[PDB]
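Heads up, upload-v5.txt below (compact mmCIF, C-alpha atoms):
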# COMPACT_ATOMS: atom_id res chain seq x y z
CA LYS A 1 0.00 0.00 0.00
CA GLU A 2 3.06 2.22 -0.38
CA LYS A 3 3.31 5.04 -2.91
CA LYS A 4 6.59 6.33 -4.33
CA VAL A 5 7.07 10.01 -5.15
CA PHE A 6 9.91 11.93 -6.81
CA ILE A 7 11.10 15.47 -6.07
CA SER A 8 13.80 17.00 -8.26
CA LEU A 9 15.89 20.18 -8.10
CA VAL A 10 15.35 20.87 -4.40
CA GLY A 11 16.15 24.56 -4.01
CA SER A 12 17.19 26.62 -1.02
CA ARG A 13 13.63 27.13 0.22
CA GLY A 14 13.45 23.34 0.14
CA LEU A 15 10.55 20.90 0.14
CA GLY A 16 7.98 23.18 1.75
CA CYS A 17 6.95 20.44 4.18
CA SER A 18 7.73 19.45 7.77
CA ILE A 19 8.30 16.03 9.32
CA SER A 20 7.41 15.04 12.87
CA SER A 21 8.48 12.02 14.88
CA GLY A 22 5.46 10.02 15.97
CA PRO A 23 4.68 9.58 19.66
CA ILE A 24 5.07 6.36 21.61
CA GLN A 25 1.67 5.02 20.53
CA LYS A 26 2.33 5.74 16.83
CA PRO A 27 6.06 5.70 16.04
CA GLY A 28 7.57 6.79 12.75
CA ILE A 29 8.32 9.75 10.48
CA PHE A 30 5.19 11.63 9.45
CA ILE A 31 4.48 14.66 7.29
CA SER A 32 3.08 17.26 9.69
CA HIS A 33 2.95 20.36 7.46
CA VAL A 34 2.73 21.01 3.71
CA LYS A 35 2.88 24.52 2.27
CA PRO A 36 0.48 25.23 -0.61
CA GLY A 37 2.29 25.45 -3.94
CA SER A 38 5.45 23.81 -2.57
CA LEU A 39 7.33 20.98 -4.25
CA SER A 40 5.93 18.52 -1.70
CA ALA A 41 2.42 19.80 -2.41
CA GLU A 42 2.89 19.59 -6.19
CA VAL A 43 3.88 15.92 -5.90
CA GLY A 44 0.87 15.09 -3.72
CA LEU A 45 2.36 14.75 -0.23
CA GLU A 46 -0.22 15.40 2.47
CA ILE A 47 -0.32 16.04 6.21
CA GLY A 48 -0.53 12.66 7.91
CA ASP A 49 1.46 10.72 5.31
CA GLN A 50 4.06 8.37 6.81
CA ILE A 51 7.52 8.35 5.21
CA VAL A 52 8.89 4.80 5.16
CA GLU A 53 11.93 5.20 2.85
CA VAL A 54 13.96 8.01 1.27
CA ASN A 55 16.64 7.35 -1.37
CA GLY A 56 17.01 3.76 -0.20
CA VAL A 57 17.33 4.68 3.49
CA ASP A 58 14.82 2.79 5.63
CA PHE A 59 12.81 5.24 7.76
CA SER A 60 11.82 2.61 10.35
CA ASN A 61 13.26 3.07 13.85
CA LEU A 62 15.20 6.01 12.39
CA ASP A 63 15.57 8.88 14.84
CA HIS A 64 14.35 12.36 13.95
CA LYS A 65 17.76 13.96 13.37
CA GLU A 66 18.87 11.20 10.99
CA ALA A 67 15.63 11.37 9.00
CA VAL A 68 16.23 15.10 8.55
CA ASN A 69 19.80 14.41 7.40
CA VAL A 70 18.63 11.95 4.74
CA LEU A 71 15.96 14.35 3.46
CA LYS A 72 18.61 17.09 3.17
CA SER A 73 21.24 14.80 1.62
CA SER A 74 20.40 15.16 -2.09
CA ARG A 75 18.76 17.46 -4.61
CA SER A 76 16.71 14.47 -5.83
CA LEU A 77 14.48 12.75 -3.27
CA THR A 78 12.64 9.48 -3.90
CA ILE A 79 10.17 9.32 -1.00
CA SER A 80 8.13 6.20 -0.26
CA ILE A 81 5.01 6.84 1.81
CA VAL A 82 2.02 5.13 3.34
CA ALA A 83 -0.66 7.75 2.73
CA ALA A 84 -2.64 9.00 5.75
CA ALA A 85 -1.02 6.47 8.11
CA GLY A 86 -0.67 9.10 10.83
CA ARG A 87 -3.55 11.42 9.92
CA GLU A 88 -4.98 11.30 13.45
CA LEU A 89 -1.77 12.74 14.93
CA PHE A 90 -2.54 16.09 13.24
CA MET A 91 -6.32 16.12 13.76
CA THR A 92 -7.92 18.20 16.48
CA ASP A 93 -9.99 16.43 19.13
CA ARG A 94 -13.10 18.02 17.64
CA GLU A 95 -12.22 16.79 14.14
CA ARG A 96 -11.78 13.23 15.41
CA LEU A 97 -15.05 13.35 17.37
CA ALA A 98 -16.85 14.87 14.38
CA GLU A 99 -15.62 11.95 12.25
CA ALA A 100 -16.79 9.43 14.85
CA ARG A 101 -20.18 11.16 15.05
CA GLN A 102 -20.56 11.10 11.26
CA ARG A 103 -19.74 7.39 10.99
CA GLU A 104 -22.25 6.59 13.75
CA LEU A 105 -24.89 8.80 12.12
CA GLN A 106 -24.51 6.96 8.81
CA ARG A 107 -25.07 3.59 10.49
CA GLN A 108 -27.98 5.00 12.52
CA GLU A 109 -29.64 6.50 9.43
CA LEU A 110 -29.66 3.06 7.77
CA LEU A 111 -30.80 1.29 10.94
CA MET A 112 -33.73 3.67 11.29
CA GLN A 113 -34.67 3.37 7.61
CA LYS A 114 -34.71 -0.43 7.86
CA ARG A 115 -36.56 -0.40 11.20
CA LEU A 116 -39.41 1.70 9.82
CA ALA A 117 -39.52 -0.17 6.50
CA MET A 118 -39.74 -3.40 8.50
CA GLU A 119 -42.51 -2.00 10.72
CA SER A 120 -44.52 -0.81 7.71
CA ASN A 121 -44.21 -4.30 6.22
CA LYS A 122 -45.35 -5.90 9.48
CA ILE A 123 -48.46 -3.68 9.45
CA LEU A 124 -49.00 -4.42 5.76
CA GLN A 125 -48.90 -8.17 6.37
CA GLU A 126 -51.34 -7.86 9.28
CA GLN A 127 -53.68 -5.92 6.98
CA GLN A 128 -53.43 -8.65 4.34
CA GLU A 129 -54.22 -11.37 6.89
CA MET A 130 -57.32 -9.47 8.07
CA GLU A 131 -58.60 -8.75 4.57
CA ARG A 132 -58.00 -12.27 3.24
CA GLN A 133 -59.90 -13.81 6.17
CA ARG A 134 -62.75 -11.32 5.74
CA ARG A 135 -62.99 -12.08 2.03
CA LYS A 136 -62.74 -15.82 2.67
CA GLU A 137 -65.81 -15.46 4.89
CA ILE A 138 -67.63 -13.46 2.20
CA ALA A 139 -66.82 -16.15 -0.37
CA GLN A 140 -67.98 -19.09 1.76
CA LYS A 141 -71.24 -17.28 2.57
CA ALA A 142 -71.86 -16.72 -1.14
CA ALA A 143 -71.04 -20.36 -1.90
CA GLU A 144 -73.47 -21.80 0.62
CA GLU A 145 -76.19 -19.36 -0.45
CA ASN A 146 -75.72 -20.58 -4.03
CA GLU A 147 -75.99 -24.22 -2.95
CA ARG A 148 -79.33 -23.37 -1.36
CA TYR A 149 -80.40 -21.32 -4.38
CA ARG A 150 -79.68 -24.32 -6.59
CA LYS A 151 -81.82 -26.60 -4.42
CA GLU A 152 -84.59 -23.98 -4.29
CA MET A 153 -84.55 -23.64 -8.09
CA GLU A 154 -84.62 -27.43 -8.47
CA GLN A 155 -87.68 -27.50 -6.21
CA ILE A 156 -89.43 -24.90 -8.39
CA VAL A 157 -88.41 -26.87 -11.49
CA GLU A 158 -90.21 -29.88 -10.01
CA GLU A 159 -93.36 -27.74 -9.91
CA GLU A 160 -92.58 -26.46 -13.42
CA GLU A 161 -92.46 -30.06 -14.68
CA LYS A 162 -96.05 -30.80 -13.65
CA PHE A 163 -97.89 -30.55 -16.96
CA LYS B 1 -112.89 -32.65 2.57
CA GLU B 2 -116.68 -32.38 2.54
CA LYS B 3 -118.60 -29.52 4.14
CA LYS B 4 -122.17 -29.80 5.39
CA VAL B 5 -124.59 -26.87 5.13
CA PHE B 6 -128.15 -26.35 6.39
CA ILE B 7 -130.95 -24.37 4.74
CA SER B 8 -134.23 -23.93 6.61
CA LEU B 9 -137.66 -22.54 5.70
CA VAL B 10 -137.25 -22.80 1.93
CA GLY B 11 -139.83 -20.39 0.54
CA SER B 12 -141.54 -20.18 -2.83
CA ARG B 13 -138.68 -18.26 -4.46
CA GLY B 14 -136.54 -21.17 -3.29
CA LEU B 15 -132.80 -21.58 -2.82
CA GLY B 16 -131.69 -18.88 -5.24
CA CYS B 17 -129.17 -21.25 -6.84
CA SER B 18 -128.99 -23.51 -9.89
CA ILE B 19 -127.54 -26.99 -10.30
CA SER B 20 -125.97 -28.36 -13.47
CA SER B 21 -125.10 -31.92 -14.40
CA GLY B 22 -121.40 -32.24 -15.11
CA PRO B 23 -120.19 -33.28 -18.55
CA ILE B 24 -118.66 -36.62 -19.43
CA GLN B 25 -115.17 -35.58 -18.30
CA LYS B 26 -116.43 -34.27 -14.93
CA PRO B 27 -119.63 -36.03 -13.85
CA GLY B 28 -121.76 -34.99 -10.91
CA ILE B 29 -124.16 -32.35 -9.56
CA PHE B 30 -122.59 -28.90 -9.40
CA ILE B 31 -123.77 -25.47 -8.30
CA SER B 32 -123.75 -23.37 -11.48
CA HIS B 33 -125.46 -20.17 -10.28
CA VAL B 34 -125.95 -18.43 -6.92
CA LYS B 35 -128.04 -15.28 -6.58
CA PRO B 36 -126.64 -12.61 -4.24
CA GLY B 37 -128.57 -12.40 -0.99
CA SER B 38 -130.26 -15.77 -1.53
CA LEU B 39 -130.50 -18.53 1.06
CA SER B 40 -127.81 -20.51 -0.76
CA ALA B 41 -125.57 -17.43 -0.76
CA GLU B 42 -126.19 -16.73 2.93
CA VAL B 43 -125.07 -20.26 3.83
CA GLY B 44 -121.89 -19.97 1.74
CA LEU B 45 -122.67 -22.06 -1.35
CA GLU B 46 -120.60 -20.98 -4.34
CA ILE B 47 -120.53 -21.53 -8.09
CA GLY B 48 -118.43 -24.61 -8.74
CA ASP B 49 -119.31 -26.44 -5.52
CA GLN B 50 -120.14 -30.12 -6.03
CA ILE B 51 -123.19 -31.49 -4.20
CA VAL B 52 -122.49 -35.03 -2.99
CA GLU B 53 -125.47 -35.63 -0.65
CA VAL B 54 -128.81 -33.99 0.20
CA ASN B 55 -130.95 -35.14 3.14
CA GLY B 56 -129.27 -38.55 3.12
CA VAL B 57 -129.71 -39.08 -0.63
CA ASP B 58 -126.41 -39.89 -2.33
CA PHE B 59 -125.82 -37.51 -5.26
CA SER B 60 -123.37 -39.84 -7.02
CA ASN B 61 -124.53 -41.27 -10.37
CA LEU B 62 -127.84 -39.52 -9.68
CA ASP B 63 -129.45 -38.15 -12.82
CA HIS B 64 -130.33 -34.47 -13.11
CA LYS B 65 -134.11 -34.81 -12.74
CA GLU B 66 -133.80 -36.90 -9.57
CA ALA B 67 -131.32 -34.47 -7.99
CA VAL B 68 -133.83 -31.68 -8.62
CA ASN B 69 -136.59 -33.77 -7.01
CA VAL B 70 -134.53 -34.33 -3.85
CA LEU B 71 -133.64 -30.64 -3.58
CA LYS B 72 -137.36 -29.76 -3.87
CA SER B 73 -138.51 -32.51 -1.50
CA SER B 74 -138.31 -30.69 1.85
CA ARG B 75 -138.35 -27.25 3.43
CA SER B 76 -135.15 -28.19 5.30
CA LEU B 77 -132.13 -29.14 3.18
CA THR B 78 -128.91 -30.60 4.58
CA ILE B 79 -126.49 -30.28 1.65
CA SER B 80 -123.06 -31.92 1.69
CA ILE B 81 -120.58 -30.37 -0.74
CA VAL B 82 -117.01 -30.61 -1.95
CA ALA B 83 -116.18 -26.93 -2.37
CA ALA B 84 -114.90 -25.78 -5.78
CA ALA B 85 -114.73 -29.35 -7.14
CA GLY B 86 -116.18 -28.23 -10.48
CA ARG B 87 -115.05 -24.60 -10.54
CA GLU B 88 -113.47 -24.99 -13.99
CA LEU B 89 -116.82 -25.96 -15.55
CA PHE B 90 -118.07 -22.39 -15.00
CA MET B 91 -114.84 -20.53 -15.82
CA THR B 92 -114.35 -18.83 -19.16
CA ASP B 93 -111.45 -19.94 -21.34
CA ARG B 94 -109.78 -16.59 -20.67
CA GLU B 95 -110.18 -17.00 -16.90
CA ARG B 96 -108.56 -20.45 -17.01
CA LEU B 97 -105.69 -19.21 -19.20
CA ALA B 98 -105.23 -16.17 -16.95
CA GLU B 99 -104.92 -18.51 -13.96
CA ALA B 100 -102.37 -20.67 -15.79
CA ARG B 101 -100.40 -17.57 -16.78
CA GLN B 102 -100.38 -16.30 -13.19
CA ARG B 103 -99.13 -19.60 -11.77
CA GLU B 104 -96.36 -19.74 -14.38
CA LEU B 105 -95.42 -16.10 -13.71
CA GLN B 106 -95.06 -16.80 -9.98
CA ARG B 107 -92.67 -19.68 -10.64
CA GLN B 108 -90.78 -17.62 -13.23
CA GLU B 109 -90.43 -14.65 -10.88
CA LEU B 110 -88.75 -16.89 -8.29
CA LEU B 111 -86.58 -18.63 -10.88
CA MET B 112 -85.32 -15.29 -12.17
CA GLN B 113 -84.69 -13.95 -8.66
CA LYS B 114 -82.63 -17.03 -7.78
CA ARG B 115 -80.79 -17.03 -11.13
CA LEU B 116 -79.61 -13.44 -10.68
CA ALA B 117 -78.82 -13.90 -6.98
CA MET B 118 -76.76 -16.95 -7.95
CA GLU B 119 -74.96 -15.02 -10.71
CA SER B 120 -74.15 -12.13 -8.37
CA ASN B 121 -72.70 -14.63 -5.90
CA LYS B 122 -70.61 -16.27 -8.63
CA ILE B 123 -69.15 -12.86 -9.53
CA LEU B 124 -68.63 -12.07 -5.84
CA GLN B 125 -66.68 -15.30 -5.31
CA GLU B 126 -64.53 -14.62 -8.38
CA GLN B 127 -63.77 -11.16 -6.96
CA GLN B 128 -62.78 -12.69 -3.62
CA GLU B 129 -60.45 -15.19 -5.32
CA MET B 130 -58.73 -12.40 -7.27
CA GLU B 131 -58.33 -10.12 -4.26
CA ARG B 132 -57.10 -12.85 -1.91
CA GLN B 133 -54.43 -13.94 -4.40
CA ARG B 134 -53.37 -10.33 -4.98
CA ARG B 135 -53.08 -9.71 -1.24
CA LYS B 136 -51.26 -13.02 -0.72
CA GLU B 137 -48.66 -11.77 -3.21
CA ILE B 138 -48.42 -8.42 -1.39
CA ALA B 139 -47.91 -10.23 1.92
CA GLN B 140 -45.20 -12.59 0.65
CA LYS B 141 -43.32 -9.68 -0.93
CA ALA B 142 -43.41 -7.80 2.38
CA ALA B 143 -42.26 -10.92 4.25
CA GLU B 144 -39.22 -11.53 2.06
CA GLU B 145 -38.30 -7.84 2.13
CA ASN B 146 -38.37 -8.00 5.94
CA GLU B 147 -36.13 -11.08 5.95
CA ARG B 148 -33.61 -9.11 3.90
CA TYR B 149 -34.05 -6.02 6.08
CA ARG B 150 -33.27 -8.14 9.13
CA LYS B 151 -30.07 -9.47 7.55
CA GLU B 152 -29.10 -5.97 6.41
CA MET B 153 -29.63 -4.59 9.93
CA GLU B 154 -27.61 -7.47 11.41
CA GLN B 155 -24.79 -6.57 9.01
CA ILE B 156 -24.87 -2.94 10.17
CA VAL B 157 -24.96 -4.13 13.79
CA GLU B 158 -21.73 -6.03 13.11
CA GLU B 159 -20.19 -2.69 12.12
CA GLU B 160 -21.82 -1.04 15.15
CA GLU B 161 -20.14 -3.61 17.42
CA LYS B 162 -16.62 -2.60 16.34
CA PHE B 163 -15.48 -0.46 19.26
CA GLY C 1 -124.10 -25.77 -22.17
CA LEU C 2 -124.85 -28.13 -19.30
CA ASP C 3 -128.23 -29.46 -18.22
CA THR C 4 -129.30 -26.85 -15.67
CA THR C 5 -132.24 -26.23 -13.33
CA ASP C 6 -132.88 -23.11 -11.24
CA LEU C 7 -134.00 -23.87 -7.69
CA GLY D 1 3.71 18.69 20.55
CA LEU D 2 5.84 16.35 18.44
CA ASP D 3 9.50 16.76 17.52
CA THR D 4 9.25 18.64 14.23
CA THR D 5 11.61 20.00 11.56
CA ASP D 6 10.69 22.21 8.60
CA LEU D 7 12.34 21.14 5.35
Do you think you could lay out the structure here as structure tokens?
Amino acid sequence: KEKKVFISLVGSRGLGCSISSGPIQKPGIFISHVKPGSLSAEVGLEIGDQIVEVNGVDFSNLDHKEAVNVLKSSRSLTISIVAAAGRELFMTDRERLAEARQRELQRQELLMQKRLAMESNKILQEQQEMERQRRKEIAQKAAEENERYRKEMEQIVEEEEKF
Amino acid sequence: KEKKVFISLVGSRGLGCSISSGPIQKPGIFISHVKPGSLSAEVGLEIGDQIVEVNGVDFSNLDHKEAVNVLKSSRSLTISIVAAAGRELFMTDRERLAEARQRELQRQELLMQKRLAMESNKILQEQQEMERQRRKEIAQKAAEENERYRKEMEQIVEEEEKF
Amino acid sequence: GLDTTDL
Amino acid sequence: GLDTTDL
């Protein structure tokens, strides 16, 4: 899941980004700042990206000062990153809670939609059961009336057939 | 089914009724005329009544002249009758056909009433069969949607239960 | 017509 | 704050 990016002709103003050493819970070298319009911005580096290799130097367990030395060691930098690996290190508490709220709201919106759709279908099935029993009773009443009507007509036909 | 009637104090004007000898197809002594307000009318004798006995004399096979003699033989007449036994002998052709028409019309009125009541019930049962199948289909659709909704909610709950 | 007698 | 260097 690593991406490899290339920066050429690093000038005196430099990359236009900052690196920070991760804390104990999230160790590593992370991009903490990116200036708009900088070389790092033009090549797509973003705050929160983790740098895992630069110019063949492994950025795992590397201390801060050495990582800086490598990134200042050449005018051409090949930087391997895991994008957004440390994004939460540079998020405010409110931004992280807002994200958690939004994810919960999306699940809750679907749960409520399905709950009410299910309830409407329960009611609909109850209505079908009532109406089908009512119409079954109407049909059986009509059937037994017709059986009697047939016998009553046959009785009249017996009178009709007296000549 | 015989009725017995009593006429007393037969005057000179007499019974106020006439007897006729039945034809070959309907033999007997029959009352053919009754004057309104006469003694025969007051005691309920009616045109068409058959006289079967008078003062103990059997009026079966009795010729006309002898039946007249018996009915003129006493001032007190005990007349046994079968009411309306010969009514058709004194009915016009149109009266008899009108009666036959009326009896047929009564049967036909009932036959038509039952025919249409039966037909309405046939249609009603067909309507019940259509509607109960339609609502069965509505119910089964709602049931299988709810089975899917349950599985979809359980899938969201799995995501909900990631803490 | 039938044989008839008025009484 | 984290140990940070601008490049």
Residues within 7 Å of residue 5 in chain D, please, as a count of residues only. Count only C-alpha atoms; anything in the same chain fewer than 2 positions from it doesn't count.
4
Contact residues (chain B, partner chain C, 12 Å, all atoms listed in the file) as a ChimeraX atom specification:
/B:10-24,26-35,38-40,63-73,89-90
With 6 Å as the limit and counting only C-alpha atoms, what residues in chain A lie close to chain B? Please list them as a CSV table (one decimal) with C-alpha atoms, in the coordinates of the input.
chain,number,residue,atom,x,y,z
A,114,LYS,CA,-34.7,-0.4,7.9
A,118,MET,CA,-39.7,-3.4,8.5
A,121,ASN,CA,-44.2,-4.3,6.2
A,125,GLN,CA,-48.9,-8.2,6.4
A,128,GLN,CA,-53.4,-8.6,4.3
A,132,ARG,CA,-58.0,-12.3,3.2
A,135,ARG,CA,-63.0,-12.1,2.0
A,139,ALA,CA,-66.8,-16.2,-0.4
A,142,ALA,CA,-71.9,-16.7,-1.1
A,146,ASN,CA,-75.7,-20.6,-4.0
A,149,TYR,CA,-80.4,-21.3,-4.4
Interatomic distance (Å, one decimal) between CA of residue 59 in chain A and CA of residue 9 in chain A
22.0 Å
Kindly compute an axis-aligned box around the listed atoms of range 145-155 of chain B, allowing 4 Å on each side, and express its centre and edge lengths in Å to one decimal as lines of an AutoDock Vina configuration file.
center_x = -31.6
center_y = -7.8
center_z = 6.8
size_x = 21.6
size_y = 14.5
size_z = 17.3
CA of residue 36 in chain A to CA of residue 102 in chain A measures 28.0 Å
